[PDB]
S.K.: 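Next up is a structure, given as structure tokens.
Order of the sequence lines fixes the chain letters, A, B, ..., with proteins taken first and strands second; residue numbering starts at 1 for each chain. Heavy atoms only: backbone and side chains are in, while hydrogens, waters and symmetry mates are out.
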Amino acid sequence: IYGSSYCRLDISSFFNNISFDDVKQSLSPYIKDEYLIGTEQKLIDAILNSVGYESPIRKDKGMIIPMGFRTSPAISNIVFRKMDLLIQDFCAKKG
Amino acid sequence: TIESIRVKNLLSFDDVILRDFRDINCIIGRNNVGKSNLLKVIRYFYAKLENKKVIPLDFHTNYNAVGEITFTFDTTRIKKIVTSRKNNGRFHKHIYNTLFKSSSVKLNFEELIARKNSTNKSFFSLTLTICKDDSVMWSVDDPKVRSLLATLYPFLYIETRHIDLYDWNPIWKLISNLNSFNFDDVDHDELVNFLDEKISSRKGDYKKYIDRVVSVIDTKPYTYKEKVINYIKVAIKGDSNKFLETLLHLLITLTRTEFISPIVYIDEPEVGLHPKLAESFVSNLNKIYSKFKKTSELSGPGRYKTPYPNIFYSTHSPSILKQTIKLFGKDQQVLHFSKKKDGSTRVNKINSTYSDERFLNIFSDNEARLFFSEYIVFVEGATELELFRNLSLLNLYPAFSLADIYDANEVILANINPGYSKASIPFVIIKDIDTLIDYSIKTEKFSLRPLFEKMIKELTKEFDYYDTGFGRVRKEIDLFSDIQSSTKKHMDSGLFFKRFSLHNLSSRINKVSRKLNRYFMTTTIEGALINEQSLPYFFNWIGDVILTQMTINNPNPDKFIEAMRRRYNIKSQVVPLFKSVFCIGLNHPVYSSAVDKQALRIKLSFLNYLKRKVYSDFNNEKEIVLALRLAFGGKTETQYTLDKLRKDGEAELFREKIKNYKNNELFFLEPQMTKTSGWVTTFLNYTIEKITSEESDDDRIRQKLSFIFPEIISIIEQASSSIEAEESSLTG
Amino acid sequence: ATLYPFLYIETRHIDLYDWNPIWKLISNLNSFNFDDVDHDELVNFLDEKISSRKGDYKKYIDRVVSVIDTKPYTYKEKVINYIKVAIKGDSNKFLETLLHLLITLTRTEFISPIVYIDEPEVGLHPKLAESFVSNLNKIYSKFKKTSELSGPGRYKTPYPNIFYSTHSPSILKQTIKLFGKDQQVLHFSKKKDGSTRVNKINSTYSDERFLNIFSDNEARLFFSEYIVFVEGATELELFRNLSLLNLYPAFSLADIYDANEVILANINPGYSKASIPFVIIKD
Amino acid sequence: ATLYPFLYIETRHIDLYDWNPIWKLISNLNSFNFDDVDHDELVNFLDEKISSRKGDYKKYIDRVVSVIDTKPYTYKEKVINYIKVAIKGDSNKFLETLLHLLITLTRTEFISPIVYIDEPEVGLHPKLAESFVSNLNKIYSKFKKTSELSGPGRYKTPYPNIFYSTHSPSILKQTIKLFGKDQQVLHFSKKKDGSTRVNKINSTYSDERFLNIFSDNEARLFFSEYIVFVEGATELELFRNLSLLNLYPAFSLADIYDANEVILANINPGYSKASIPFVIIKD
DNA sequence: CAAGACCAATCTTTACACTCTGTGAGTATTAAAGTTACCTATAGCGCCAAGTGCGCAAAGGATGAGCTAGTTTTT
């Protein structure tokens, strides 16, 4: 409300373009690095197997976090926190 | 005249907004760090307004990159002054070109006329942004605007804990900036000539002396402020609490003829002061405030309609708050800071305006003390105060001692309105079940009080959509409405209930009304004090009272005891002997061994007689409890007392038996039988001492107290759990 | 006490923002009675000059006074206010101003103050230290009246007593060269059992050449525990050898000076013998 | 920062009671790890030594701690406490002790601090300043290991850098005479338009006679705005006449020195010409 | 091709106008003492008139003597 000029932008395919390795890297610092089951599966992988899905129609992209699941918005915010920080830092200098 | 202050992501603030300022804004709370942070934010903003090099503030979290401070100024009076055709001056035109020029040239010929010239209020918004790299940016890139805003809305800060009485810099700053005189028209030469003429033996001596002095002391020339200060000092005839009073009085007086509205902050106005001194300070401030008020019929010279400046107080004294509430009234507000769950400062408004004149006139220190609390327990009678303020009982529970208990009626509760400051000061209202349901003997039907109807109406919520879990409340409300008749049956001639127990209904209504911060006890305080599990302790207390308080009236105990034993029968005439021998006295003399043995034997015989009569006349052992809790001004089961039963003319035999017991044997207990006598404290202390002697561990004695007294211990435990849940937030 | 005031100045911890000694000196050393100034006349005059409407400044001052009621002004505060309103303005510079004001204002009164100054050269360049004494001497000689030097502005009045506590040879050299017969040097030292002494070191020289060629080496002798007097430069070269003095940590506390018969006569080491021991080595 | 610490010392306003710089310097310069000192073992040792009944000292300590509970000791605080419990005690003396500690506690470590000192001679007798410089030089020379000077207690480690801000010719004379090749003199001055310059003034002399006979007159030339060199006593007598200099208050700011060709070569005034202008007058 | 980002200082500082002495709703609205303020800088060579110039550049003697000019960068 304090501004005189207004601009609007949109992101194309926001949920479909979230890289899975980015999600894994974002969630790694908050999960202990250890083997949950013997010496075959890790705790981080076991937790992350409950949020991804191998889409039959999008087999080219591999497995992605699909829209309609309960945990998708929180993961999206956590992943995009870095980009939000970068954009906010850029916009602060321009006022 | 600031209207809004907003702080985002700085120090201990996430998003804090302060608005609706009054003249006598007062700040209280437990979190002093929040007040210090607010003061630092204001000082930083006003230092950056005047282009001073200061360290930027810190961030609450590092996952952001900006920190914003927003200020809104009400530029309404200045606009009216400048835009008038009567005022033609340099300063007015400069102010218009600086403030109202840019925003007015972008409007058409329709919005300017009849749309912004009738009653509108003009606002000016200034934003300061701090970046991650310690960079400072403004929303308006014009130093002239900032300078004009700083010189039109000055900020003054007063600290009373560390104040030097030998420094009068704030006084001179206020005097120099609140004058309407141009001091540049006073030529130095003519004043020097006048002084020389006034004092001289030979013409020119003073001028030569001044020239010789100046030729040696040649330094930088006087500034304008120094010259005006010197002129004021030569004009006037002379130069902790007194300093603050002088500052406030000067600020009020000098601003009546100027369009500059300062903002003042004062920290700890009552440090090292008598309560009467603080009350007198507030009273004098109010009198000076009311002296210069021109409202309605009050007119004439010396009375103005100029708005008053804004004053903020940081105090920890209930006396100042009480005086401010009583005197100023609608021109003041109370702020409460507190914290959050994760840790962050809040700002809330506490209600301080009352529509009842009696409440304002009867306002005392307890009402002010209610402000400085973290958990308030509201009760109706005076026995609840005697029960909940017992020192021995609170010794074992170091969590209910942090709550304050207050006696409030319906009108007092309405005036206080605890629901407004619900998030800042949690509270619980404890009442009895008689306030909701009334029972009758002649007509076999319950009835609902207007308070119950109001609660049902408040719980009922029309204009709503479906929500899972809300239909149960509607079903409970429907059951409460339909239980209006509730035909039942009373046994023992309208004394007990067939099978109701008043417990399931009480539990259900408590579950329903928990959302409204209410708790309805099944029975009264005396009912909870003496129950079926407390008969041995009550009997032991009565026996101890008989053993201790009863003494021989005659100065010679042996002769009187022998005469009364040889005159009255020891077994059949024991009651007349006890009545005519032992009396209640404050002092307990020590008798001989034989006299002590005889007195002990007589007391044991009296105890045996009373216990045998008690266990013989009554059999079910429940009528004993009923009679005990009814003789001590109480009601049970049917909600009936002595006076109510006598007016209803029911249970003649029970009343006659109680009267016989009172007027025949328990004549000594009668003074400790009226309301507000002091038996509660004595009984509680005796019971706690006995249990402490029997059981050493704290857990064991607490468990035994819970077993003996279920209801009050449950209330204390619930209050303690509520306090522990919110302990982190409401603690500095 | 009121005829012989005592002033003490410490430059080590002097505050430049405090001008109390200056105001005290100006107020005490005055020849005017300020009780005849009155108060109503001055306030009325200022009100007439500064206010367009007749009666604005007076009402403003009355309103201010009515709410700032305090103790009345003393005479000293009143005269200080008058002096401040009559003038156009408010470490080394402070001391120079104090001394100059005292000298200027003592010329028309019989008050004879005595002033003590401690460490006038703290944090001061040697040129500045010399310039301080030079300016003091110039202002001292400006007011002196003697025979031919007669006229207005020249007086026959005793000057106030000034005491210096210095650790720098520059100030001593300047005060010896400039003042001459109007200076003395005091040496404290100590006794064998422990007790402060007071002795006078000769500082007046009849020879004009010696006073003109006075330099830092001559002033260094005043701060010497033991002086060794020699004639030729070969003795200076021999007794100032670093390697030779490295093995004897007791001859390094003595200073060696090249002295002639005329120089020895002018210095006269025998006068201050109990304070500064000396030895004269010849062939 | 931890490899090249910076220590700044002011002497005009210094508190002798506070010993924080000394404790910080000692704690930073050590080669011991105090993490293996068992607290319980030391407490038991003290209890056994100081008590007649076993364990009462431990009871006293835990009773005190249970009531004065606060933040635990940091590493630096406990190191300082351990150092204090092992030593027998806690203006010019403070500075000398700090310099000696700095020089002593750096010969076995690779940490080289940088020291700045402001006004080392404030309120100090000239002999005291000379003794201070001499003591510093002796401390330096004690640990030097060059050529035949070899043995225990002598090291090849570099010495830390020390900067002085002085207004006294005595300290400059002593530091020139003693250190020699291991010292330099900086002159700030100013530019025409207003700016601070930095120049180096020559202070190393190859001639041993000149360095041995170095005195206060030679050191006075370092604080001269303008130097006039002459080759006779008559020129000194003429150019130092008080009456002649009274009428020309522009030549009184120049220092006149009597120098020979060898003295001029040793001084070499041409090296520092933009800082100290000079003129050489001959026949 | 066209584009947000268009320097610092320009002397400083302060301050209501009115008829009414407490109050003001313009279609586009600063100035006036006070105090500084300081300013400043020049070859080829010689000669006589001593810097405002004149002559000559062959001595020398008033127009034969006759003569040259570094690197690099922008460009």
S.K.: Is it the case that E/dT19 and E/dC20 stack, meaning their six-membered ring centres lie under 5.5 Å apart and the ring planes differ by under 30 degrees?
M.R.: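 As far as the 5.5 Å and 30° test goes, E/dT19 stacks onto E/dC20.
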S.K.: Quick check: do B/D142 and B/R146 have side-chain heavy atoms less than 4.5 Å from each other?
M.R.: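 No - every pair of side-chain heavy atoms lies 4.5 Å or more apart.
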S.K.: With P as the reference atom in both, quote the distance from E/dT27 to E/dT23 in angstrom, rounded to an integer.
M.R.: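 It works out to 24 Å between them.
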S.K.: Does B/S180 reach a base, just sugar-phosphate, or nothing at all? Heavy atoms under 4.0 Å.
M.R.: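 Touches sugar-phosphate only.
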S.K.: Between E/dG60 and E/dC54, how far apart are the two P atoms, rounded to whole Å?
M.R.: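 It comes out at 25 Å once rounded to the nearest Å.
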S.K.: Quick one: B/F100 CZ to E/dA28 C1', roughly how many Å, whole number?
M.R.: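 So the two atoms are 13 Å apart, to the nearest Å.
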S.K.: Judged by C1'-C2'-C3'-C4' (positive north, negative south), is the sugar of E/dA28 north or south?
M.R.: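 A south sugar, the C1'-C2'-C3'-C4' torsion of E/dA28 being less than zero.
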S.K.: Quick check: B/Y231 with B/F181 (ring centres under 6.0 Å apart)?
M.R.: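 They do not qualify: ring centres at least 6.0 Å apart.
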S.K.: What integer number of Å spans the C1' atoms of E/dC67 and E/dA41?
M.R.: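 My reading of the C1' atoms in E/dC67 and E/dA41 gives 36 Å.
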S.K.: When all nucleic acid strands are considered with a 4.0 Å heavy-atom cut-off, which category describes B/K86: base, sugar-phosphate, or nothing?
M.R.: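 Base: the residue B/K86, judged by heavy atoms under 4.0 Å, touches a nucleobase.
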S.K.: Could you tell me whether the phosphate oxygens of E/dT30, OP1 or OP2, come under 4.0 Å of any side-chain nitrogen or oxygen in B/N97?
M.R.: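 Looking at the OP1 and OP2 atoms of E/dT30, one of them is under 4.0 Å from a side-chain N or O of B/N97.
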S.K.: Categorize C/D56 for me: base, sugar-phosphate, or nothing, with a 4.0 angstrom heavy-atom threshold over every strand shown.
M.R.: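 Answer is nothing: C/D56 stays at 4.0 Å or more from every strand.
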S.K.: Taking only the P atom of each, what is the distance from E/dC39 to E/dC11 in whole angstrom?
M.R.: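 One P to the other, the span is 15 Å.
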S.K.: Establish, with yes or no, whether the OP1 or OP2 oxygen of E/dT14 is under 4.0 angstrom from a side-chain nitrogen or oxygen of B/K225.
M.R.: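 Looking at the OP1 and OP2 atoms of E/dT14, one of them is under 4.0 Å from a side-chain N or O of B/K225.
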S.K.: Under 4.5 Å between any side-chain heavy atoms of B/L112 and B/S104, yes or no?
M.R.: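 Yes, close enough: below the 4.5 Å cut-off.
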S.K.: B/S118 near the nucleic acid: base, sugar-phosphate alone, or nothing, with a heavy-atom cut-off under 4.0 Å?
M.R.: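 Answer is base: heavy atoms of B/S118 come under 4.0 Å of a base.
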S.K.: Under a 4.0 Å threshold between the charged nitrogen and the carboxylate oxygen, would C/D47 count as salt-bridged to C/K59?
M.R.: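 So C/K59 does not pair with C/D47 through a salt bridge.
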S.K.: Give a yes/no answer on whether the side chain of B/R256 brings an N or O atom under 4.0 Å of OP1 or OP2 in E/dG22.
M.R.: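 Looking at the OP1 and OP2 atoms of E/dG22, neither is under 4.0 Å from any side-chain N or O of B/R256.
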S.K.: Please confirm whether the shortest side-chain N or O distance from B/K116 to OP1 or OP2 of E/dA25 is below 4.0 Å.
M.R.: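 For E/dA25, OP1/OP2 do not have a side-chain N/O of B/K116 under 4.0 Å.
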S.K.: Give a yes or no on whether E/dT23 and E/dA17 are a Watson-Crick or wobble pair, applying the 3.5 Å threshold to both distances.
M.R.: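 WC or G-U pairing between E/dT23 and E/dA17: yes.
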S.K.: Say you pick atom P in E/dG55 and the same atom in E/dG61; how far apart are they, in whole Å?
M.R.: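 Looking at atom P only, E/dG55 and E/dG61 are 13 Å apart.
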S.K.: Send over the distance from B/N87 CG to E/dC20 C1', rounded to a whole Å.
M.R.: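 My rounded result for the distance is 14 Å.
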S.K.: By the 4.0 Å heavy-atom rule, please label B/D187 as base, sugar-phosphate, or nothing.
M.R.: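 Answer is nothing: B/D187 stays at 4.0 Å or more from every strand.
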S.K.: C1'-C2'-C3'-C4' for E/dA5: north (positive) or south (negative)?
M.R.: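 Here the torsion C1'-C2'-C3'-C4' comes out positive, placing E/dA5 north.
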S.K.: Hunt down the Watson-Crick or G-U wobble partner of E/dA3, both distances under 3.5 Å, from any strand shown, or write none.
M.R.: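 The answer is none; no pair meets the criterion.
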S.K.: Do the bases of E/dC47 and E/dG53 pair up, Watson-Crick or G-U wobble style, with both gaps under 3.5 Å?
M.R.: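 When the criterion is applied, E/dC47 and E/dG53 count as a base pair.
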S.K.: For a quick check, tell me whether the side chain of B/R77 and the base of E/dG24 share a donor-acceptor pair closer than 3.5 Å.
M.R.: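 Result: at least one qualifying N/O pair found.
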S.K.: Can you figure out which of E/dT23, E/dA15, E/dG26 approaches the side chain of B/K305 most closely?
M.R.: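 Nucleotide nearest to B/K305's side chain: E/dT23.
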S.K.: Is E/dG24 base-paired to E/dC16, counting Watson-Crick or G-U wobble with both distances below 3.5 Å?
M.R.: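 WC or G-U pairing between E/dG24 and E/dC16: yes.
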S.K.: Taking atom types as they are modelled, is there a donor-acceptor pair under 3.5 Å from the base of E/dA28 to the side chain of B/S104?
M.R.: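 It does, because a donor-acceptor pair links the side chain of B/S104 to the base of E/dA28 below 3.5 Å.
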S.K.: What contact category does B/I95 fall into here, base, sugar-phosphate, or nothing, at under 4.0 angstrom with non-hydrogen atoms?
M.R.: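 Result for B/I95 = nothing.
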S.K.: Is E/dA43 base-paired to E/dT68, counting Watson-Crick or G-U wobble with both distances below 3.5 Å?
M.R.: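 As far as the geometry goes, E/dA43 and E/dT68 are not base-paired to each other.
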S.K.: Quick check on E/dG55: from the sign of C1'-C2'-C3'-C4', north or south pucker?
M.R.: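 Negative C1'-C2'-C3'-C4' torsion, south pucker.
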S.K.: Does atom NZ of B/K132 have more than 12 heavy-atom neighbours, drawn from other residues, nucleotides or ligands, at distances under 6.0 Å?
M.R.: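 12 or below, so no.
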S.K.: Roughly how many Å apart are E/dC45 and E/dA58, using the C1' atom of each and rounding to a whole number?
M.R.: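 Going atom to atom, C1' in each nucleotide, I get 15 Å.
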S.K.: Given the structure, is E/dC18 a Watson-Crick or G-U wobble partner of E/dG51 (both distances under 3.5 Å)?
M.R.: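 Between E/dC18 and E/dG51, no qualifying pair exists.
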S.K.: Glycosidic conformation of E/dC20, syn or anti, with 90° from 0 as the boundary?
M.R.: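 Judged by the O4'-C1' to base torsion, E/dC20 sits in syn, the angle falling within 90° of 0.
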S.K.: Can you tell me if B/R256 uses its side chain to pair, donor with acceptor, with the backbone of B/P307 under 3.5 Å?
M.R.: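 Yes; at least one donor-acceptor contact below 3.5 Å.
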